[PDB]
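Shown next, in structure tokens, is the structure this report addresses.
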4 protein chains.
Amino acid sequence: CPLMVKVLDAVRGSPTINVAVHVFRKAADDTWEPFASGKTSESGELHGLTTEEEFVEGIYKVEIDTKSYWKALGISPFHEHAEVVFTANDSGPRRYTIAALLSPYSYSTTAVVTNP
Amino acid sequence: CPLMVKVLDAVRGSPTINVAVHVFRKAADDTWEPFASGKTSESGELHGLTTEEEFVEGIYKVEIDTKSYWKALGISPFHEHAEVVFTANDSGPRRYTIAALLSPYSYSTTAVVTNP
Amino acid sequence: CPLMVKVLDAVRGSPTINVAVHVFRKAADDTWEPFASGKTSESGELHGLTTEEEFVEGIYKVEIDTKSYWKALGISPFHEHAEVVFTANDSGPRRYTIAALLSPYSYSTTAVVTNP
Amino acid sequence: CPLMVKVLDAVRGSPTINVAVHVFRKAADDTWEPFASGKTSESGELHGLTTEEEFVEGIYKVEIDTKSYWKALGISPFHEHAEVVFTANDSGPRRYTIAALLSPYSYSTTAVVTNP
Ligand SMILES: Cc1ccc(C(=O)c2cc(O)c(O)c([N+](=O)[O-])c2)cc1
Ligand SMILES: Cc1ccc(C(=O)c2cc(O)c(O)c([N+](=O)[O-])c2)cc1
């Protein structure tokens, strides 16, 4: 699985379940081409977005629909979404975990990049 | 000042100087109109981006050029930038501080919103 | 496994391997009684610290030896360690994951608390 | 002011007012000597804890009473407090800002260290 997304809720201390995630890859004309999408599981994780063969070098964007999550919980959010833009595989294929820790007025994102 | 951006370096424990910041506002046709730009000062802060009169209701995007900051220190970071998108002034005028805490493979962002 | 500790490195974008972790429980005389200890695995995780029978209600402290980690990497750290103090199981047994994201001059900690 | 503490609420996007802060210094016998204390102001900041003359080399502990803050808002948070332990002024006098960003199940802390 070369790309995994994990989303956590800092208000409730829980994984964020059923949050929509969209992945894009930058096109030659600096536009965002859809690439993959899904919703997080009960563990807050989204697997199976891509394969090692499709996940070539390039710039990728991960958009997490955080606003819809907080609205479903009845909490007023600040951000429209959480976005993460990064260059992938520039030094050979890696396994990427994009982790996002969500609060209504703050979020953090980290990348855990390992070599299989 | 209705909009301030502050940027900190979590590796060195210091404000980030001369980091480029670009602000955009979503137009009626759902395109990003350039709104303001600047670079952070010695204190890591960028003031004077806009005025209360110009800073009307809308969706705004703040893009911080974190990659150039790390590259100038010799580091190839994970993220291409740090981008924050939010609705502003939907309940009347507020003062917004957008703060970003930077590491090579992680960043966090918060919003401090006050009512003068 | 009622208690797991996970530690991540925000500079290198990797799990923190071989970091020492010590767990204490507060004694009747407000002193810290040792409870469990270990070192993180290749995945940055420390499992098997306790059992559901031993992990009773109480106040617990998790101390992560972050200073030794950064010294081993040749990076100057700010903190002497990372500590997390929390009340456990006050509403029935839970599964706790204590996650720490480390930078030389900053750290974050979250708790993911689930019901089996 | 050589030592400042700033505390922010990541749920509401606001500084935290009237949060208790206690500072300790490690003595020769390895005990924590009370050094200074105060409460955060309307801006979430606590100034005037010490002077450059009194703030000598040593190991210091800053304990922020985050639990009382959340309890006053009706929330039972995960952490009992936020505690930061660090060596100060080992390379000469510095100015330290300890900043804490609070959520019910997560907190982050950073240090901004400057040389006047
Ligand atoms: C920015 C941030 C801070 C803390 C967390 C975080 O709490 C977390 C929790 C996990 O169970 C876990 O498996 C991972 N991970 O794999 O990276 C991260 C996640 C994101
Ligand atoms: C995501 C994050 C976490 C912590 C900080 C942070 O450390 C910080 C430091 C300041 O001196 C300061 O004035 C503010 N602020 O007002 O927002 C934040 C900044 C950003």
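Every chain in the structure tokens has a letter given in the order shown (A, B, ...), and although residue numbers restart at 1 in each chain, ligands are simply numbered from 1 in the order shown.
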Set out as JSON lines a contact list for chain C and chain A with a cut-off of 7 Å, giving each residue of chain C that qualifies its closest atom pair and distance in Å to one decimal, counting only C-alpha atoms, ordered by chain and rising residue number.
{"residue": "C:10", "atom": "CA", "partner": "A:110", "partner_atom": "CA", "distance": 6.8}
{"residue": "C:13", "atom": "CA", "partner": "A:112", "partner_atom": "CA", "distance": 4.7}
{"residue": "C:14", "atom": "CA", "partner": "A:112", "partner_atom": "CA", "distance": 4.9}
{"residue": "C:15", "atom": "CA", "partner": "A:112", "partner_atom": "CA", "distance": 6.9}
{"residue": "C:110", "atom": "CA", "partner": "A:10", "partner_atom": "CA", "distance": 6.8}
{"residue": "C:111", "atom": "CA", "partner": "A:13", "partner_atom": "CA", "distance": 5.5}
{"residue": "C:112", "atom": "CA", "partner": "A:13", "partner_atom": "CA", "distance": 4.7}
{"residue": "C:113", "atom": "CA", "partner": "A:13", "partner_atom": "CA", "distance": 5.6}
{"residue": "C:114", "atom": "CA", "partner": "A:14", "partner_atom": "CA", "distance": 6.7}
- Those in chain C with alpha helix (DSSP H) from DSSP, as a ChimeraX atom specification: /C:66-72
- Task: Take atom CA of residue D:85 and atom CA of residue D:6 and report the distance between them in Å, one decimal.
- Result: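 Calculated distance between atom CA of residue D:85 and atom CA of residue D:6 is 15.6 Å.
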- Between atom CA of residue B:102 and atom CA of residue A:5, distance in Å (one decimal):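 Answer for the atom CA of residue B:102 to atom CA of residue A:5 separation: 20.1 Å.
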Using only C-alpha atoms and all ligand atoms, tabulate the residues of chain B lying at most 10 Å from any atom of ligand 1, each with its closest atom pair and that distance in Å to one decimal, by chain and increasing residue number, as a Markdown table.
| residue | atom | partner | partner_atom_place_in_ligand_line | distance |
| --- | --- | --- | --- | --- |
| B:105 | CA | ligand 1 | 1 (C) | 9.8 |
| B:106 | CA | ligand 1 | 1 (C) | 6.8 |
| B:107 | CA | ligand 1 | 1 (C) | 7.5 |
| B:108 | CA | ligand 1 | 1 (C) | 7.2 |
Could you dump the residues just selected with N, CA, C and O atoms as an mmCIF file, in the first residue's frame?
data_model
loop_
_atom_site.group_PDB
_atom_site.id
_atom_site.type_symbol
_atom_site.label_atom_id
_atom_site.label_comp_id
_atom_site.auth_asym_id
_atom_site.auth_seq_id
_atom_site.Cartn_x
_atom_site.Cartn_y
_atom_site.Cartn_z
ATOM 1 N N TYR B 105 9.038 17.502 8.155
ATOM 2 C CA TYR B 105 8.040 16.518 7.739
ATOM 3 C C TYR B 105 6.694 16.713 8.426
ATOM 4 O O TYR B 105 5.835 15.826 8.361
ATOM 5 N N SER B 106 6.470 17.865 9.051
ATOM 6 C CA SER B 106 5.208 18.089 9.743
ATOM 7 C C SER B 106 4.995 19.586 9.880
ATOM 8 O O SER B 106 5.953 20.351 10.015
ATOM 9 N N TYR B 107 3.733 20.004 9.846
ATOM 10 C CA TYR B 107 3.443 21.363 10.267
ATOM 11 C C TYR B 107 2.092 21.385 10.949
ATOM 12 O O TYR B 107 1.233 20.531 10.720
ATOM 13 N N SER B 108 1.922 22.360 11.826
ATOM 14 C CA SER B 108 0.624 22.615 12.413
ATOM 15 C C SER B 108 0.245 24.060 12.147
ATOM 16 O O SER B 108 1.093 24.924 11.922
#
